Every structure is written in structure tokens, then in C-alpha cells.
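Only one chain comes next, encoded as C-alpha cells, the form deposited in one PDB entry.
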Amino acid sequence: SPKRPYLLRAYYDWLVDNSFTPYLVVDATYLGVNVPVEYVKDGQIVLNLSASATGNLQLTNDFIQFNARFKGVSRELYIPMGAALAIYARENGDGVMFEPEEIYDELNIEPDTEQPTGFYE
């Protein structure tokens, strides 16, 4: 239902097809993000999604996932689509900042915690 995944994939292809290095701005504060906090700045990390800087990159409707190496330390990165803030070309900044969609809001996310119930029955 959310359009963000299709728009991200569209820009990604346009970037790569034009020989641009696609940079993804991630809200490392969002629910489910999995990135090395050692490289996070002000609740925000910028990733390189080019073929070269990624292993097994997958751009799903629900998440971005890939193997990344930070100073020899290869590992997996998981980013829920709701955390993707923007994607642009490293060589010139051309890209898009994703428009907010109501569904990536925890209010629209199914109950993460249950209702106050008694105990006895």
C-alpha cells in the first residue's frame, strides 16, 4: 500500500543507470533498524547502496537489506522501509527525500504491546 518502496527502487535504478553512486539517508532511530551505532550521527546514517559497496543487496517493499563492511568488519544491515529518509547521487545530490506516509507511523503499526489484563480467571 505504501508507495515509498517503489519510489526508492525507481530512483535507485535511475541513479545506477546514470553511473551515479546511490546514497541512502537512514533514520537510525526508527523501529527495527540494524546498523553499527559506532557510525551513526544525530540519529541518522548515510549508506552507499551501489553494487560495489554492497553484498546481496535487496530492495524489498518492507525493507532494505545488505552486507556492508566498515573498516574490515563485514556484517548485515537491516533497514525497515519506514526508516528510509532519502536517496541521492553522491556525485551531485540529485535525488528525493521521501514524503511522509501514514503507515510507517507506530500508530499504524500493529500492537507491539498488549492491553492491561488482569491475571486471574
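Counting begins at 1, following the sequence as shown.
- As the entry records it, the average C-alpha temperature factor is higher for 73 to 81, out of 73 to 81 and 87 to 95.
- Stretches compared: 34 to 42, 51 to 59. Higher mean C-alpha B-factor in the entry: 34 to 42.
- Per the PDB record, residue ranking by Cα B-factor puts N108 in the highest third of the chain.
Unshown form solved in complex with a partner chain; subsequent notes refer to it.
- Contact check for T29: every heavy atom lies farther than 4.5 Å from its partner chain in the bound PDB entry.
- The shortest heavy atom separation between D42 and its partner chain in the bound PDB entry exceeds 4.5 Å.
- Its partner chain is not drawn, but in the bound PDB entry it has no heavy atom within 4.5 Å of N34.
- Within this chain, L47 lines the site of its partner chain in the bound PDB entry, having a heavy atom no more than 4.5 Å away.
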